[PDB]
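For reference, the structure is listed below as structure tokens.
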Amino acid sequence: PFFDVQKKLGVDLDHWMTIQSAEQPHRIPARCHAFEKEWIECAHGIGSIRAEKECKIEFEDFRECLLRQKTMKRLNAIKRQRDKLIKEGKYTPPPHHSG
Amino acid sequence: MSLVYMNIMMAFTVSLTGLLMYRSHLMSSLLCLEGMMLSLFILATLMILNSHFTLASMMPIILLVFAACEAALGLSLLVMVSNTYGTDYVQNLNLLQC
Amino acid sequence: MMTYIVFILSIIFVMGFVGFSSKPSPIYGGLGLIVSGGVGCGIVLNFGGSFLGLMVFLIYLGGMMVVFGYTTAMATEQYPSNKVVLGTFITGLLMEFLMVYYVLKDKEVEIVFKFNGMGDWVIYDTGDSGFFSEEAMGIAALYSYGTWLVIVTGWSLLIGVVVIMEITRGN
Amino acid sequence: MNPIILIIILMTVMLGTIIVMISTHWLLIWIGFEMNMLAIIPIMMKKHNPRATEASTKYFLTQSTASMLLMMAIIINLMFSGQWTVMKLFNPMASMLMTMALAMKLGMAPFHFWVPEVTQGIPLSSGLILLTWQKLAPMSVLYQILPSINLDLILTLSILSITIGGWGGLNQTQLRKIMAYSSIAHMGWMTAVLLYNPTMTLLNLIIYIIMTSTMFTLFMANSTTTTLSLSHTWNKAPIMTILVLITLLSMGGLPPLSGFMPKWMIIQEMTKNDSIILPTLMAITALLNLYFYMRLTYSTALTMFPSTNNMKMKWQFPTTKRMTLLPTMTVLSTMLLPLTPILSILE
Amino acid sequence: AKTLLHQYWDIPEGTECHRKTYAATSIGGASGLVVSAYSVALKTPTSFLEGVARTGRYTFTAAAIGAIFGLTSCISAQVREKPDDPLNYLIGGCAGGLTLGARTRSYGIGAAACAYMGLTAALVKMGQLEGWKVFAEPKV
Amino acid sequence: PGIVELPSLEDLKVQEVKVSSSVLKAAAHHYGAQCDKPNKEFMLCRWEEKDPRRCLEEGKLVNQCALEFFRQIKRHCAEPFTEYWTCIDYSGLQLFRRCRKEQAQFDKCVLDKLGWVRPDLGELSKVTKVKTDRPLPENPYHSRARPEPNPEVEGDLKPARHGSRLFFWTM
Amino acid sequence: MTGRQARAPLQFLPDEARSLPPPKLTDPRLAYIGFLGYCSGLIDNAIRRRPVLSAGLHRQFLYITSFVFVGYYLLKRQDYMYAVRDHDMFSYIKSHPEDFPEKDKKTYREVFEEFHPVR
Amino acid sequence: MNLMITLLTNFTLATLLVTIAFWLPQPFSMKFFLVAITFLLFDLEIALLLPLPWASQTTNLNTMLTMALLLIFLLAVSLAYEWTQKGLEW
């Protein structure tokens, strides 16, 4: 079983190693701070089932902040398209440093 | 997806198969356990660095020191087995049959 | 000598894990894990990596493989390569060659994932005002916030000491 | 061995298991499992025979690789949506690796190859403490992380562990292997109903721990390895015989006796769903693992094997073993039948 | 795996035949490879030719039982023209048990295998006919 | 889904203060004294909205304030300000205790000839009020509403309804 | 079923548990627990060779006291758990009338069920 | 890669020294093992100690002093335990 002496004694000795956005020793954020704050406020007073079926949009926004999967997919598609059209030869590219 | 994570997970499977299939010496098995430990260390450390997961950045060094003292216990057990026998093979252990 | 140096050092890393997962004599195994730890240090220092990758180097390449080679020297003999060892090394090199070939000349390689295949200059900081090398102040916690964690860690190491002496004939 | 050192090692086993119970961080759970291993290693090799040494070697290898595969599952969990809260996981692959890690931690059918070998070459006290705390420590974790598990994992391991602890078990007169195969069958039972109502799992955990404590206390009252030694215990004392009768029949689970109560409530809150063929299969195998209990009872207290003198010598000495707590655990374990609505004492 | 057992049960039964027997041979080859993998892990054949021989024997026998089960399934479904009974797969399980006893070359094992495999196959089709879920609800 | 709203190249043309780093570092404190009063408008804009592409008018304002300040220090005393920052330039990372006598010289120049008392430590600190013209924003975390509240279970509890309501052991 | 306000820590008996009726004196369940304690003291005499029914009467009184005490606390907790289960059931009944419709009582003048005789 | 350039130059010049030096002229005890494991465990406790000079600038100083003294105190208890209990004797 899981017990709750952590809450019972009033010593929150283990809740600070836990998430981001708990106060760092110098007040700096992580890379996805605000996404976490809105996601935690979305799924706080929630029985973890309408958390699964209701906070899905902001959770996907947070996941794609954390890993940046499909944004890299879009950038990689741009890179492959740029490679094949410079292989073609149309507009010897002025996207680098000059016209 | 930060492409290097694929290679380090494949490296984890390398170290895990090296831990599971092992022919003669227990020391190679224990050293591949240490390699698996290093794999988890590196993988989690790159994740925490790129996350700027700066509050709980304790995971690499503390995972390291705990599984290092695990490897110390394994060294002592291998020394005890090699002390009460001649060698430390996987064989000469077929006593106490299941 | 170019951009994908993190990827190339990862190739040498997984080659080292194959190189001692082929089960050689355990001093060759210790050599393989030392080479693998050095290039893993190279990878994490490429992510920077300012403290932790130089920190592992004293422990594994400073305190653990020393005792592994020590116990290789004092316990097992292995007094004289083989088909099975070098054959598994060949098949591991073949599997890495196949995976990295399909990373190179295609979009993505999926075990069950979508690994977006290109070298990682992404993602990285956009030149922030770091000023303290955030690893450094992070690990410069554990003594203000870290009440429970370092206590149970040191307690576990103390119990490790009494365990080792008991099994090696306490008292 | 020093008694101070043994009190310290018991303190660290209790510390590791309480850390597994109480924490909300994943690193702390892994620390608790590892510290439980490190402390439980010198309880084994309490003597210095090579049997306990090889048993501790096998146990250390399987336990350490289970611990590191658990750490692999946690680092996958933070490769996906990453926070150190013991909650719903965020990967079927990570939950798969994690439940297979815990299945290595506590006695499961693909992973049970170390359990009779670790129990055979050790004394009784080490076997008792390893069964109790090494089958108590992962159950809290599974009770926590139940809402994100593919059910076929847990149900496959439960079915196969019940039938392996059944079928493997008809062949050994080594009493430690008998109790180990019984542990495999009951851990299959206690894992089976994890995703339906875990109150049944924890009540079955309480009942099983009290039953195994009674059984091993009865074996520590007079040191036996085989059934013929139990027939000599029949000759030397009669009350141990009726205790072996009652405790073996309560391991068998018969409805006048208290070992039936964990089976029956499982069948109830399993068949309030659409699962009927799975309860009747599990309870047929529960009829199966009673047979070695029954031939053990036939060997101990009901038929009688021929005895050896110097039992004539042992008549002149009354019994002088100390029991830790035998009779309280016995009548708590066997006459608990009309206290079924002490089900809801738990949640 | 779920994909090929889904390919087996997706066929109306019914007659869409010899795809049934191909899927049943695939089931047999998979199950033979499973059990032979455990056996070659837990025996150390020495030589390796004996290990390949034992795995080939296990895969061949399980594929043969699957093939004969599917053949008399298709034939009984075409002849009786009543695709709802489990009696046709009772015939199927008994035929599979008889040919198991044929390929192990003893007859009492074939008789007991006829009885038990017929009962299990009738129960499998019968539970598919009424509808009994795989392993779970898992709700309440 | 939604596309960004980037500013144009018409707002991306401010006369940039293309000065070097050591002169800008040595000219920091009196720039904190005379100027840097209307850029806490920019700081409060940046910390009430986490969105540059919006606070850029105040960025143009601090750009013109810093250029005006360096114009004013360029026209008057000192020209040995050049001597002061080239005294502090080649000293590695620029410690301010390096060239202290010429720091006193530049302070005496600017004090006896222009004014501008140097901010004593620690007056580049000490949290400072700022009023603006724009009203403070609401919910810059652009999210939806908090979807469902749990109905809080209250009310004084009845006793058990006909006992356990299990098979038997009624009451 | 799960906690249900584990927020609000473990709390072996809550302060809302002082509204239910307590288990009375000489209730039969704690009488059974006292009989079990008497039998526990009797088998405690029986393990060693000390004689039954005598020379252990303080141990009989001790085991009776301890088991009746522990059973009394667990009976109070048990009654609380059934009360909170019933109140949560009726609260979810009253919370949504939309999904539990009232079955209008079709009396047996018009309810049709067939016969199927056993000859 | 700048220190990798230094490492490469030192490694290549060392291999040149060795290969031009070579082409030109033509049981055990438990007491051995206890000291190494004692090294290993005290070295891991050194690894726990050594971020102390990183940490000494925070707003929680008394607690840092207390837990730092607790770490060296635990290390001293381990030392004195294996000292008194014949761990390093001959």
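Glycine also receives a Cβ, built like all others from the backbone with ideal geometry; neighbour counts cover every protein chain displayed. Any read-out appearing in this document is the output of simple, stated calculations on the displayed coordinates, not a laboratory observation.
Each residue of chain F gets 322 Å³ once the volume of the Cα convex hull is shared out per residue.
Can you work out the base-10 log of I(q)/I(0) for region A:57-99 at q = 0.18, 0.31, 0.32 1/Å, using the Debye formula on its C-alpha atoms alone? Debye intensities relative to I(0), on a log10 scale: -0.64, -1.02, -1.04. Once the Kirkwood radius over Cα pairs is known for region H:42-90, the Stokes-Einstein relation at 10 °C and 1.306 mPa s delivers a diffusion coefficient of 129 µm²/s.
Taking a ≥ b ≥ c as the square roots of the Cα gyration tensor eigenvalues, region D:291-347 comes out oblate, since a/c reaches at least 1.5 and a/b does not exceed b/c.
For the Cα trace of region D:121-162, dividing Rg by the Kirkwood Rh returns an Rg/Rh value of 1.12. Each principal axis of the Cα cloud of chain E was taken in turn, and the coordinate range along them, longest first, works out to 50, 40, 27 Å.
Say the dipole of region D:193-335 comes from +1 at the beta carbon of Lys and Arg and -1 at that of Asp and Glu; which of D:315, D:218, D:288 then lies farthest toward its positive end? Of D:315, D:218, D:288, it is D:315.
Put simply, the C-alpha atoms of region D:104-230 give a gyration tensor, and the ellipsoid matching it has half-axes of 27, 15, 11 Å, longest first. Dipole check for region G:1-96: with +1 at the C-beta of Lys and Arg, -1 at the C-beta of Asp and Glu, and the Cα centre as origin, the magnitude is about 300 Debye. Does anything in region F:87-115 have its amide N under 13 Å from the 7 Å Cα→Cβ label point of residue F:25, and if so which residues? Label zone hits: F:87-99.
Tell me, Kirkwood radius of region F:3-92 from alpha-carbon pair distances, in Å? Hydrodynamic radius (Kirkwood, Cα pairs) of region F:3-92 is 15.0 Å. In the protein assembly as shown, the DSSP-assigned H stretches of four residues or longer account for a calculated mean residue ellipticity at 222 nm of -20000 deg cm²/dmol, using -39500 (n - 2.57) per stretch and the full residue count as denominator.
Shape class of region C:16-92 from the alpha-carbon gyration tensor: oblate, with a/c at 1.5 or above and b/c at least as large as a/b.
Largest first, the extents of the alpha carbon coordinates of chain D on the three principal axes equal 71, 50, 35 Å. Overall dimensions of region E:42-113, expressed as equivalent-ellipsoid semi-axes from the Cα gyration tensor (√(5λ), whole Å, largest first), are 32, 13, 8. Model label points for residue C:11 and residue H:32, set 7 angstrom from Cα along the Cα-to-Cβ axis, are 4.2 nm apart.
Classified by the C-alpha gyration tensor, region D:174-250 has a prolate form. Its axis ratio a/c, with a ≥ b ≥ c, is 1.5 or above, and a/b is larger than b/c. Partner shielding of G:68-75 amounts to 1, given as the average count of beta-carbon atoms from other chains within 10 Å of each residue beta-carbon. When the inverse distances between all different Cα atoms of the protein assembly as shown are averaged and flipped, the Kirkwood radius reads 36.3 angstrom. For region G:1-96, the normalised intensity computed at q = 0.11, 0.17, 0.22, 0.24 Å⁻¹ comes to -0.50, -0.83, -1.07, -1.17 (log10 of I(q)/I(0), Debye sum over alpha carbons, equal scatterers, no solvent). In nm², what is the average projected area of the convex hull enclosing the Cα atoms of region H:1-68? One quarter of the hull surface, i.e. the mean projection, equals 11.1 nm². Think of the protein assembly as shown as a dipole: +1 on every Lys or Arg Cβ, -1 on every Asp or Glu Cβ, centred on the Cα centre; then among B:5, H:32, C:86, H:32 lies furthest on the positive end.
Only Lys, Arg, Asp and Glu carry charge here, each on its Cβ (+1 for the first two, -1 for the last two); on that basis the protein assembly as shown has a dipole of about 2700 debye about its Cα centre. Averaged over residues, the count of other Cβ atoms within 10 Å places the peptides C:117-130, D:209-222 in the sequence D:209-222, C:117-130, highest first. Taking the Cα atoms only, what angle lies between the long axis of helix G:57-95 and the longest principal axis of chain G, rounded to 10 degrees? The two axes meet at around 20 degrees. When you work out D = kT/(6 pi eta Rh) for region D:193-295 at 4 °C and 1.567 mPa s, using the Kirkwood radius from C-alpha pairs as Rh and the Stokes-Einstein form, the result is 85 µm²/s.
Neighbour counts of other Cβ atoms within 10 Å put C:21, C:156, D:148 in the fewest-to-most order D:148, C:156, C:21. Here region D:1-108 is described by how far its Cα atoms reach on the three principal axes: 48, 26, 18 Å, from widest to narrowest. Taking one quarter of the surface of the convex hull spanned by the alpha-carbon atoms of region D:218-347 gives a direction-averaged projected area of 9.9 nm². Among the residues of B:84-95, the average count of other protein chain beta-carbon atoms within 10 Å of the residue beta-carbon is 3. Basic side chains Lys and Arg get +1 at the Cβ, acidic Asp and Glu get -1 at the Cβ, and with that the dipole of chain D about its Cα centre reaches some 1080 debye. Per the Debye calculation on region C:63-171 with a single equal scatterer at every Cα and no solvent contribution, log₁₀ I(q)/I(0) for q = 0.09, 0.15 Å⁻¹ amounts to -0.70, -1.03. The mean sequence separation of alpha-carbon pairs under 8 Å and at least six residues apart, normalised by the residue count of region F:1-137, gives a relative contact order of 33 percent.
In chain E, taking the dipole from charged Cβ atoms about the Cα centre, the farthest positive-side position among E:107, E:15, E:79 is held by E:107. When peptides H:76-87, D:6-17, H:33-44 are ranked by their average number of other Cβ atoms within 10 Å per residue, the highest-first order is H:33-44, D:6-17, H:76-87.
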